[PDB]
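Trainee: I'd like to ask you about the structure that follows.
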Amino acid sequence: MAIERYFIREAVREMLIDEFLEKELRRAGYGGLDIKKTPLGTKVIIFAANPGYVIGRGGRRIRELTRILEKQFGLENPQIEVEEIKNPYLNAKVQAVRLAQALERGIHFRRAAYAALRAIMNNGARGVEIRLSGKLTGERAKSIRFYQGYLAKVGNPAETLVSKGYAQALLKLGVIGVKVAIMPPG
Amino acid sequence: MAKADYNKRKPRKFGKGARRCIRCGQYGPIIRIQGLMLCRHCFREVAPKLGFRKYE
Amino acid sequence: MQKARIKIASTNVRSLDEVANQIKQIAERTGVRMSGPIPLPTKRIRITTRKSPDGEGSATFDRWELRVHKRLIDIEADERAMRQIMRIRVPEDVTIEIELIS
Amino acid sequence: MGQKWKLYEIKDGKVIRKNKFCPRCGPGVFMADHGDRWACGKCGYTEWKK
RNA sequence: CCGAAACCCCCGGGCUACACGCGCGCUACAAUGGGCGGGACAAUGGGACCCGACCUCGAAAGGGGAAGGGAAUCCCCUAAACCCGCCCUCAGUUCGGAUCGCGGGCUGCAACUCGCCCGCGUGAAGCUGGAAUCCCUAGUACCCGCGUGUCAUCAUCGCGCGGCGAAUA
RNA sequence: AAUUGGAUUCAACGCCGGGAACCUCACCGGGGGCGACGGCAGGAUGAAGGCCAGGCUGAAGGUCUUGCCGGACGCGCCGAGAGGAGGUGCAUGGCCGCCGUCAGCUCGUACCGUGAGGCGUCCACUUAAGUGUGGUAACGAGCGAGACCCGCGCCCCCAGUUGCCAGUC
């Protein structure tokens with residue numbers, strides 16, 4: 001159409017592929033998608049803590065990811081690349097997806113909180129927060145707030161500097177919302 | 001018995017019932033038509049990845 | 001020779017200026033006469049939206065900006081002197097249009 | 001399904017076809033002979049008797 | 001919890017029913033006025049089965065033809081309030097526009113239920129409102145139009161723009 | 001006949017509805033209709049799907065009478081699926097309203113108290129502020145708020161196909 005619409009079209013294109021791939025690549029450890037868009041073959045760069053899951057169990061998942069990409073888009077030769085995230089513990093969205101699995105697993109609240117806090121502070125976190133809104137295994141709507149170091153400030157040069165990762169860790173009695181807000185040194 | 005197919009076959013030429021989103025699959029709930037058909041509620045969740053800015 | 005227009009827009013400020021500056025620096029020295037990188041408008045796009053999904057009480061209402069900025073460049077060089085200058089990396093996310101007339 | 005549908009008659013060393021063959025399209029398509037009104041078999045066409 | 005169903009498909013009807021009650025708003029009770037004409041002025045924005053120059057027919061709504069435009073370069077587009085002269089000379093009226101007859105366009109398969117506009121006829125309540133009560137402190141309120149969203153079509157709505165421009169603290 | 005539902009004092013009532021003529025749509029009336037995957041018995045001795053023509057349907061081989069093709073696999077139940085805008089927001093995640101664009105909440109070490117705790121963060125002065133000032137058995141730090149980000153006035157540099165009888169043979 002014009003200049004204005006196309007940019008928004010592209011950005012809408014980012015979401016439909018970033019939404020699905022997160023939900024699948026929770027086994028890998030999803031952290032991002034650097035999407036390079038061309039008329040030759042859409043080049044998606046999937047970010048994982050671990051590349052050995054994304055490839056698959058023998059080529060299946062990388063081909064599966066090549067095959068659903070043809071359906072959504074009109075570039076029918078989309079490449080796949082796996083780049084590692086360089087600090088997955090500096091990435092919050094990784095820690096949210098990583099914490100979600102552990103609560104899916106059944107490990108206790110403050111324990112499942114402590115380790116997490118401790119692995120990213122070791123990594124280099126000026127400050128960190130984990131919040132867990134949910135049932136908290138009764139039937140009252142209370143969140144538990146695990147707190148160390150600095151935090152998100154005021155305004156918006158608040159939220160740009162910090163990291164923020166959200167994940168619904170499913171249970172079979174209810175649900176628990178996993179928020180992980182990291183503050184990197186800066 | 002026997003009968004021919006159905007997947008809906010009535011008029012839906014235009015209006016709200018014509019539209020659906022590409023995230024929560026609705027007719028009557030919001031459809032922002034700029035080539036970004038979603039509801040108002042999705043819009044808010046999606047935008048920081050879009051590159052829209054909160055600031056007025 | 002063939003007067004070409006590079007019409008280059010971008011969604012963000014930092015990405016558009018670096019390319020406009022680099023295009024006026026590399027083209028300067030070769031077989032190119034180049035007219036300066038002119039800024040046209042920001043067709044700032046306002047999306048003006050209801051926050052609350054209840055639509056209830058007072059609902060605070062988001063103002064949205066999408067700002068798309070357009071630099072324009074006339075150039076007198078060949079179609080071969082054009083690709084040499086279009087080598088550049090370019091931010092994601094920067095549209096570069098090319099009209100060709102004599 | 002719907003048995004029985006053995007409507008092709010039998011000669012002693014030959015076969016013959018009970019029903020009519022269409023005159024709008026070519027041979028290969030039989031007619032539900034109503035006596036005045038011919039249905040079609042491949043697809044489903046309103047045909048009248050010629 | 002439902003399992004030819006609290007599913008599924010369809011047409012038609014219902015959400016737009018009303019003796020009434022309230023909430024939030026628009027329009028309004030005229031001479032700081034109405035007609036008619038003339039002249040001087042904006043801004044945000046939106047624009048491809050989309051904005052539509054301009055030319056023509058039609059009283060008009062609109063129809064026919066057709067330039068440019070995917071945009072500081074073209075289109076919606078005329079701002080409205082203003083002022084100057086002229087006609088009119090405070091009545092439920094030349095106010096005000098409900099209600100009803102008719103003629104007519106426009107979209108869609110289709111607007112009786114249930115769309116809007118245009119013309120002629122029709123021409124209702126209302127002539128400053130009890131108890132009670134709300135909003136706001138300056139380029140704001142008060143006031144005037146203007147755009148956009150959603151979007152064929154229902155806008156006296158929501159968001160947003162500029163024009164005139166204070167009282168009291 | 002149904003006038004779908006929810007919302008209900010501030011904080012439900014131009015609210016979910018940023019778009020109800022069909023659609024939407026969840027309600028009503030009528031006609032018509034799919035049930036995976038396994039087990040069980042059935043199979044091509046021809047369709048599970050299509051179809052004239054009446055007879056019926058507001059229409060639909062839809063249904064019956066009735067006659068038949070293209071090429072080949074599916075009922076009935078029994079576990080148990082898909083579907084449900086079907087119930088529970090006192091089971092929830094998300095997000096949001098209001099209290100509140102308010103001015104609070106904490107930790108270290110020290111100090112005090114048998115202890116719950118205290119002190120500090122109290123007092124005086126001062127600000128929209130635990131803001132700052134002085135005092136004081138405290139000294140500091142984080143969050144909040146603040147600056148920070150965006151927008152508005154005035155100027156300048158870079159850049160001009162917007163801009164004009166500016167200055168002009």
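In the structure tokens, chains take the letters A, B, ... in the order shown, each chain's residues start at 1, and ligands count up from 1 in the order shown.
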What parts of chain A does DSSP call strand (DSSP E or B)? I'd like the answer as a VMD selection string.
Mentor: chain A and resid 30 to 36 43 to 48 79 to 84 127 to 134 144 to 149 163 to 170 175 to 183
Trainee: Can you write out as a Markdown table which residues of chain C fall within 10 Å of chain A, alongside each residue's closest atom pair and its distance in Å to one decimal, counting only C-alpha atoms and ordering rows by chain and ascending residue number?
Mentor:
```
| residue | atom | partner | partner_atom | distance |
| --- | --- | --- | --- | --- |
| C:8 | CA | A:3 | CA | 10.0 |
| C:9 | CA | A:3 | CA | 7.7 |
| C:10 | CA | A:7 | CA | 8.6 |
| C:11 | CA | A:7 | CA | 7.3 |
| C:43 | CA | A:4 | CA | 8.0 |
| C:44 | CA | A:4 | CA | 9.1 |
| C:45 | CA | A:4 | CA | 8.0 |
| C:66 | CA | A:4 | CA | 8.5 |
| C:67 | CA | A:4 | CA | 8.7 |
| C:68 | CA | A:4 | CA | 6.7 |
| C:69 | CA | A:3 | CA | 9.6 |
| C:70 | CA | A:3 | CA | 9.3 |
| C:92 | CA | A:36 | CA | 7.3 |
| C:93 | CA | A:7 | CA | 7.7 |
| C:94 | CA | A:7 | CA | 9.2 |
| C:95 | CA | A:3 | CA | 8.1 |
```
Trainee: Got time to write the residues from that selection, N, CA and C atoms, as a compact mmCIF listing (two decimals), in the first residue's frame?
Mentor:
```txt
# COMPACT_ATOMS: atom_id res chain seq x y z
N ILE C 8 14.17 7.47 0.91
CA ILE C 8 14.56 6.57 1.97
C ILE C 8 13.78 6.99 3.19
N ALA C 9 12.95 6.09 3.68
CA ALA C 9 12.23 6.35 4.90
C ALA C 9 12.61 5.33 5.96
N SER C 10 12.41 5.72 7.23
CA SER C 10 12.54 4.79 8.35
C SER C 10 11.59 5.10 9.51
N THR C 11 11.22 4.04 10.23
CA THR C 11 10.35 4.15 11.40
C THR C 11 11.00 4.77 12.66
N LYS C 43 5.02 11.76 8.73
CA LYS C 43 3.59 11.50 8.77
C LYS C 43 3.50 10.73 10.06
N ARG C 44 3.40 11.49 11.14
CA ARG C 44 3.24 10.89 12.43
C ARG C 44 1.91 10.21 12.38
N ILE C 45 1.88 8.94 12.75
CA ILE C 45 0.59 8.19 12.82
C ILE C 45 0.07 8.09 14.27
N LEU C 66 3.23 6.46 15.80
CA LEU C 66 4.14 5.87 14.88
C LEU C 66 4.54 7.01 13.99
N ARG C 67 5.82 7.27 14.01
CA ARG C 67 6.44 8.36 13.32
C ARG C 67 7.23 7.68 12.19
N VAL C 68 6.96 8.03 10.93
CA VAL C 68 7.76 7.53 9.80
C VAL C 68 8.36 8.68 9.00
N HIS C 69 9.70 8.73 8.95
CA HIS C 69 10.41 9.90 8.44
C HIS C 69 11.03 9.54 7.11
N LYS C 70 11.06 10.54 6.23
CA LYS C 70 11.42 10.39 4.83
C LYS C 70 12.50 11.39 4.42
N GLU C 92 17.55 -2.52 9.72
CA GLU C 92 16.43 -3.49 9.55
C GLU C 92 15.34 -3.48 8.44
N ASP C 93 14.29 -2.64 8.34
CA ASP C 93 13.84 -1.37 9.03
C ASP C 93 14.35 0.01 8.51
N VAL C 94 14.67 0.07 7.21
CA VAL C 94 14.88 1.31 6.45
C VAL C 94 14.46 1.01 5.00
N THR C 95 13.42 1.68 4.50
CA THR C 95 12.96 1.43 3.13
C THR C 95 13.70 2.37 2.20
```
Trainee: Looking at only C-alpha atoms (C1' of nucleotides), which of B:37, B:8, B:1, B:27 is the one that sits closest to chain E?
Mentor: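 Looking at the shortest contact to chain E, the residue is B:8.
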Trainee: Considering only C-alpha atoms (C1' of nucleotides), state which residue in the set F:82, F:68, F:1, F:99 is at the smallest distance from residue 6 of chain D.
Mentor: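 Among F:82, F:68, F:1, F:99, it is F:68 that comes nearest to residue 6 of chain D.
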Trainee: Quick check: residues of chain B within 10 Å of chain E, only C-alpha atoms (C1' of nucleotides), returned as a ChimeraX atom specification.
Mentor: /B:5-11,13-16,30-33
Trainee: Tell me which protein, DNA and RNA residues are within 10 Å of segment 24-34 of chain C, counting only C-alpha atoms (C1' of nucleotides), leaving out same-chain ones fewer than 5 positions away, and put them as a list in words.
Mentor: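 Everything that qualifies: residues 1, 3, 4, 19, 73, 74, 75, 76, 77, 78, 81, 82, 84, 85, 86 and 88 of chain C.
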Trainee: Show me, as a ChimeraX atom specification, the residues that have an atom within 12 Å of segment 15-20 of chain F when counting only C-alpha atoms (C1' of nucleotides), minus same-chain residues fewer than 4 positions from it.
Mentor: /B:14-17,27-33,38-41 /C:47-59 /E:14-16,24,114,148-155,157-159 /F:4-8,24-25,97
Trainee: Enumerate, as a list in words, the complete set of residues in segment 1-48 of chain B that a backbone-based DSSP assignment places in helix (DSSP H, G or I).
Mentor: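 Everything in segment 1-48 of chain B that counts as helix (DSSP H, G or I) is residues 40, 41, 42, 43, 44, 45, 46, 47 and 48 of chain B.
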Trainee: Okay, now the selection with C-alpha atoms, as a PDB file, in the first residue's frame?
Mentor:
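File produced: selection01.pdb:
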```pdb
ATOM      1  CA  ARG B  40      -7.983  -3.623  21.407  1.00  0.00           C
ATOM      2  CA  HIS B  41      -7.000  -5.908  24.267  1.00  0.00           C
ATOM      3  CA  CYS B  42      -4.351  -7.812  22.163  1.00  0.00           C
ATOM      4  CA  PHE B  43      -3.182  -4.510  20.717  1.00  0.00           C
ATOM      5  CA  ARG B  44      -2.068  -3.375  24.156  1.00  0.00           C
ATOM      6  CA  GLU B  45      -0.156  -6.558  24.848  1.00  0.00           C
ATOM      7  CA  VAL B  46       1.494  -6.708  21.406  1.00  0.00           C
ATOM      8  CA  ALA B  47       2.630  -3.113  20.751  1.00  0.00           C
ATOM      9  CA  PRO B  48       6.022  -2.866  22.482  1.00  0.00           C
TER      10      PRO B  48
END
```
Trainee: Please list as number ranges by chain every residue within 10 Å of residue 137 of chain A, counting only C-alpha atoms (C1' of nucleotides) and excluding residues in the same chain fewer than 5 positions away.
Mentor: A: 173-176; F: 91
Trainee: With N, CA, C and O atoms (P, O5', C5', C4', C3', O3' and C1' of nucleotides) retained, export the selected residues as a PDB file, in the first residue's frame.
Mentor:
```
ATOM      1  N   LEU A 173      -4.349 -28.011  39.143  1.00  0.00           N
ATOM      2  CA  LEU A 173      -5.269 -27.583  40.198  1.00  0.00           C
ATOM      3  C   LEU A 173      -5.772 -26.163  40.010  1.00  0.00           C
ATOM      4  O   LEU A 173      -6.705 -25.734  40.688  1.00  0.00           O
ATOM      5  N   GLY A 174      -5.197 -25.466  39.039  1.00  0.00           N
ATOM      6  CA  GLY A 174      -5.360 -24.035  38.889  1.00  0.00           C
ATOM      7  C   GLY A 174      -4.409 -23.453  37.854  1.00  0.00           C
ATOM      8  O   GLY A 174      -4.222 -24.056  36.791  1.00  0.00           O
ATOM      9  N   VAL A 175      -3.855 -22.266  38.153  1.00  0.00           N
ATOM     10  CA  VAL A 175      -2.693 -21.675  37.422  1.00  0.00           C
ATOM     11  C   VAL A 175      -1.796 -20.815  38.364  1.00  0.00           C
ATOM     12  O   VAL A 175      -2.223 -20.409  39.460  1.00  0.00           O
ATOM     13  N   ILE A 176      -0.547 -20.583  37.932  1.00  0.00           N
ATOM     14  CA  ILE A 176       0.384 -19.633  38.572  1.00  0.00           C
ATOM     15  C   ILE A 176       1.123 -18.778  37.496  1.00  0.00           C
ATOM     16  O   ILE A 176       1.788 -19.327  36.606  1.00  0.00           O
TER      17      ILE A 176
ATOM     18  P     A F  91     -15.478 -18.603  42.669  1.00  0.00           P
ATOM     19  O5'   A F  91     -14.100 -19.399  42.655  1.00  0.00           O
ATOM     20  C5'   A F  91     -13.583 -19.966  43.874  1.00  0.00           C
ATOM     21  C4'   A F  91     -12.166 -20.481  43.719  1.00  0.00           C
ATOM     22  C3'   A F  91     -11.082 -19.490  43.320  1.00  0.00           C
ATOM     23  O3'   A F  91     -10.757 -18.509  44.304  1.00  0.00           O
ATOM     24  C1'   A F  91     -10.768 -21.488  42.112  1.00  0.00           C
TER      25        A F  91
END
```
Trainee: Report the distance between atom CA of residue 9 of chain A and atom CA of residue 36 of chain B in Å, rounded to one decimal place.
Mentor: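 Separation between atom CA of residue 9 of chain A and atom CA of residue 36 of chain B: 6.9 Å.
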Trainee: With 12 Å as the limit and counting only C-alpha atoms (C1' of nucleotides), what residues in chain D lie close to chain F? Please list them as a VMD selection string.
Mentor: chain D and resid 1 to 8 18 to 22 28 to 49
Trainee: May I have the residues within 12 Å of residue 143 of chain E as a PyMOL selection string, using only C-alpha atoms (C1' of nucleotides) and disregarding those fewer than 4 positions away in the same chain?
Mentor: chain E and resi 80-81+163-166
Trainee: Set the distance at 10 Å and use only C-alpha atoms (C1' of nucleotides): which residues neighbour residue 76 of chain A once local chain neighbours fewer than 2 positions away are removed? I'd like the list as a CSV table (one decimal) with N, CA, C and O atoms, in the first residue's frame.
Mentor:
```csv
chain,number,residue,atom,x,y,z
A,40,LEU,N,14.3,-13.1,-1.1
A,40,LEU,CA,14.9,-14.4,-1.4
A,40,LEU,C,14.5,-15.6,-0.5
A,40,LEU,O,14.0,-16.6,-1.0
A,41,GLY,N,14.6,-15.5,0.8
A,41,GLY,CA,14.1,-16.5,1.7
A,41,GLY,C,14.1,-15.9,3.1
A,41,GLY,O,15.2,-15.8,3.7
A,42,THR,N,13.0,-15.7,3.7
A,42,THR,CA,12.9,-15.0,5.1
A,42,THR,C,13.9,-15.7,6.0
A,42,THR,O,13.7,-17.0,6.3
A,66,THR,N,11.0,-25.0,9.4
A,66,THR,CA,11.0,-24.7,8.0
A,66,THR,C,9.6,-24.8,7.4
A,66,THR,O,9.2,-24.0,6.5
A,67,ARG,N,8.8,-25.9,7.7
A,67,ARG,CA,7.5,-26.3,7.0
A,67,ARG,C,6.3,-25.4,7.4
A,67,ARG,O,5.5,-25.1,6.6
A,68,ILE,N,6.1,-25.1,8.7
A,68,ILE,CA,5.1,-24.2,9.1
A,68,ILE,C,5.3,-22.7,8.7
A,68,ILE,O,4.4,-21.9,8.6
A,69,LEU,N,6.6,-22.3,8.4
A,69,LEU,CA,7.0,-21.0,7.9
A,69,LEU,C,6.5,-20.6,6.5
A,69,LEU,O,6.3,-19.5,6.2
A,70,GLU,N,6.5,-21.7,5.7
A,70,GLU,CA,5.9,-21.6,4.3
A,70,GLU,C,4.3,-21.3,4.3
A,70,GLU,O,3.8,-20.7,3.4
A,71,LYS,N,3.6,-21.8,5.4
A,71,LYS,CA,2.2,-21.7,5.4
A,71,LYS,C,1.7,-20.3,5.8
A,71,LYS,O,0.7,-19.8,5.2
A,72,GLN,N,2.4,-19.6,6.7
A,72,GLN,CA,2.0,-18.3,7.2
A,72,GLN,C,2.4,-17.2,6.2
A,72,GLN,O,1.6,-16.3,5.9
A,73,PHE,N,3.6,-17.3,5.7
A,73,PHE,CA,4.2,-16.3,4.8
A,73,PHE,C,4.1,-16.7,3.3
A,73,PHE,O,3.6,-17.8,3.0
A,74,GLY,N,4.4,-15.8,2.4
A,74,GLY,CA,4.6,-16.0,1.0
A,74,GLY,C,6.0,-16.0,0.5
A,74,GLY,O,6.3,-15.9,-0.7
A,78,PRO,N,12.1,-20.3,3.5
A,78,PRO,CA,12.7,-19.6,4.6
A,78,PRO,C,13.8,-20.4,5.2
A,78,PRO,O,13.6,-21.6,5.5
A,79,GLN,N,14.9,-19.7,5.4
A,79,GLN,CA,16.1,-20.4,6.1
A,79,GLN,C,15.8,-20.5,7.6
A,79,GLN,O,14.9,-19.8,8.1
```
Trainee: Residues of chain A near chain F: apply a cut-off of 12 Å, count only C-alpha atoms (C1' of nucleotides), and supply the list as a PyMOL selection string.
Mentor: chain A and resi 126-127+129+132-143+147-161+166-179
Trainee: Could you write out the selected residues, including N, CA and C atoms, as a short mmCIF file (atom, residue, chain, number, x, y, z; two decimals), in the first residue's frame?
Mentor:
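And here's again_26.cif as it stands now:
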```cif
data_model
loop_
_atom_site.label_atom_id
_atom_site.label_comp_id
_atom_site.auth_asym_id
_atom_site.auth_seq_id
_atom_site.Cartn_x
_atom_site.Cartn_y
_atom_site.Cartn_z
N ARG A 126 22.53 -6.36 38.70
CA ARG A 126 22.52 -5.25 39.63
C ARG A 126 21.40 -5.48 40.62
N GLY A 127 20.27 -5.96 40.09
CA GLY A 127 19.08 -6.28 40.88
C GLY A 127 18.11 -7.20 40.14
N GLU A 129 13.95 -9.26 40.47
CA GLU A 129 12.67 -9.48 41.07
C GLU A 129 12.04 -10.66 40.37
N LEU A 132 5.12 -13.89 41.68
CA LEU A 132 4.32 -15.06 41.35
C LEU A 132 2.87 -14.85 41.80
N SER A 133 2.10 -14.18 40.93
CA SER A 133 0.67 -14.02 41.11
C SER A 133 0.04 -15.36 40.84
N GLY A 134 -0.98 -15.72 41.60
CA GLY A 134 -1.66 -16.99 41.37
C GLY A 134 -2.54 -17.41 42.50
N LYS A 135 -3.03 -18.64 42.38
CA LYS A 135 -3.78 -19.23 43.48
C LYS A 135 -2.91 -19.36 44.74
N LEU A 136 -1.60 -19.61 44.57
CA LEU A 136 -0.69 -20.00 45.67
C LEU A 136 -1.27 -21.18 46.49
N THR A 137 -1.71 -22.22 45.77
CA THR A 137 -2.27 -23.52 46.31
C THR A 137 -3.39 -23.51 47.41
N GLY A 138 -4.14 -22.41 47.53
CA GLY A 138 -5.32 -22.36 48.37
C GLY A 138 -6.45 -22.00 47.44
N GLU A 139 -7.17 -20.95 47.81
CA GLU A 139 -8.15 -20.30 46.94
C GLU A 139 -8.27 -18.79 47.22
N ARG A 140 -7.18 -18.13 47.66
CA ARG A 140 -7.12 -16.64 47.77
C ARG A 140 -6.09 -16.03 46.77
N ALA A 141 -6.42 -14.86 46.17
CA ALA A 141 -5.64 -14.21 45.06
C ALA A 141 -4.43 -13.32 45.49
N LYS A 142 -3.36 -13.99 45.95
CA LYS A 142 -2.21 -13.37 46.60
C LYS A 142 -0.95 -13.73 45.82
N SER A 143 -0.04 -12.78 45.74
CA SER A 143 1.18 -12.90 44.99
C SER A 143 2.28 -12.94 46.01
N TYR A 147 12.73 -10.56 46.52
CA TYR A 147 13.29 -9.24 46.34
C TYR A 147 14.74 -9.18 46.73
N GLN A 148 15.55 -8.74 45.77
CA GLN A 148 16.95 -8.39 45.99
C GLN A 148 17.40 -7.21 45.14
N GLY A 149 18.36 -6.43 45.64
CA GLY A 149 19.01 -5.33 44.88
C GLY A 149 18.13 -4.21 44.32
N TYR A 150 18.62 -3.50 43.29
CA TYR A 150 17.89 -2.39 42.64
C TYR A 150 16.65 -2.85 41.88
N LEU A 151 15.87 -1.89 41.40
CA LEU A 151 14.69 -2.19 40.58
C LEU A 151 14.34 -1.02 39.68
N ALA A 152 13.53 -1.35 38.68
CA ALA A 152 12.83 -0.44 37.79
C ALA A 152 12.33 0.77 38.49
N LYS A 153 12.58 1.87 37.81
CA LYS A 153 12.63 3.16 38.39
C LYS A 153 11.26 3.76 38.03
N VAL A 154 11.29 4.95 37.45
CA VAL A 154 10.14 5.79 37.21
C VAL A 154 10.19 6.11 35.71
N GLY A 155 9.02 6.43 35.16
CA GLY A 155 8.92 6.72 33.74
C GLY A 155 9.13 5.47 32.91
N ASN A 156 9.65 5.71 31.71
CA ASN A 156 9.91 4.70 30.70
C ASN A 156 11.40 4.32 30.53
N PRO A 157 12.36 5.25 30.80
CA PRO A 157 13.76 4.84 30.81
C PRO A 157 14.04 4.00 32.01
N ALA A 158 13.06 3.88 32.87
CA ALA A 158 12.84 2.61 33.55
C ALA A 158 12.79 1.38 32.59
N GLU A 159 11.63 1.05 31.99
CA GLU A 159 11.39 -0.31 31.41
C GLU A 159 12.30 -0.78 30.26
N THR A 160 12.92 0.16 29.56
CA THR A 160 13.87 -0.13 28.47
C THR A 160 15.19 -0.72 28.99
N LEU A 161 15.69 -0.18 30.11
CA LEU A 161 16.95 -0.63 30.73
C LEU A 161 16.90 -2.04 31.35
N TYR A 166 7.88 -13.06 31.10
CA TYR A 166 6.60 -13.54 31.63
C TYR A 166 6.34 -14.93 31.07
N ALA A 167 5.77 -15.80 31.91
CA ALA A 167 5.42 -17.15 31.49
C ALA A 167 4.31 -17.73 32.35
N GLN A 168 3.30 -18.30 31.71
CA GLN A 168 2.26 -19.03 32.43
C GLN A 168 2.83 -20.43 32.66
N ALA A 169 3.19 -20.71 33.90
CA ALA A 169 3.49 -22.08 34.31
C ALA A 169 2.21 -22.83 34.66
N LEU A 170 1.72 -23.66 33.73
CA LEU A 170 0.50 -24.49 33.93
C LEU A 170 0.62 -25.48 35.12
N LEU A 171 -0.50 -25.63 35.83
CA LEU A 171 -0.71 -26.71 36.80
C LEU A 171 -2.06 -27.40 36.46
N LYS A 172 -2.38 -28.43 37.24
CA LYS A 172 -3.61 -29.22 37.10
C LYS A 172 -4.65 -28.94 38.22
N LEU A 173 -4.35 -28.01 39.14
CA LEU A 173 -5.27 -27.58 40.20
C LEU A 173 -5.77 -26.16 40.01
N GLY A 174 -5.20 -25.47 39.04
CA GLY A 174 -5.36 -24.03 38.89
C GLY A 174 -4.41 -23.45 37.85
N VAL A 175 -3.85 -22.27 38.15
CA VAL A 175 -2.69 -21.67 37.42
C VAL A 175 -1.80 -20.81 38.36
N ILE A 176 -0.55 -20.58 37.93
CA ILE A 176 0.38 -19.63 38.57
C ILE A 176 1.12 -18.78 37.50
N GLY A 177 0.98 -17.45 37.57
CA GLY A 177 1.64 -16.50 36.65
C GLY A 177 3.08 -16.22 37.05
N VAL A 178 4.03 -16.44 36.13
CA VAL A 178 5.45 -16.28 36.41
C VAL A 178 5.98 -15.02 35.78
N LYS A 179 6.26 -14.03 36.63
CA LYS A 179 6.86 -12.76 36.21
C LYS A 179 8.31 -12.81 36.72
#
```
Trainee: Out of E:146, E:111, E:71, E:131, which residue has the shortest atom-to-atom distance to chain A when counting only C-alpha atoms (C1' of nucleotides)?
Mentor: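 Among the listed residues, the smallest separation from chain A belongs to E:71.
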Trainee: Give the residues of chain C that lie within 6 Å of chain B; count only C-alpha atoms, and format the answer as a ChimeraX atom specification.
Mentor: /C:63-66
Trainee: If you keep C-alpha atoms, can you produce a file of those selected residues as a PDB file, in the first residue's frame?
Mentor:
```
ATOM      1  CA  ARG C  63      -1.946   7.811  22.836  1.00  0.00           C
ATOM      2  CA  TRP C  64       0.162   6.059  20.163  1.00  0.00           C
ATOM      3  CA  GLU C  65       2.866   7.415  17.975  1.00  0.00           C
ATOM      4  CA  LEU C  66       4.145   5.867  14.878  1.00  0.00           C
TER       5      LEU C  66
END
```
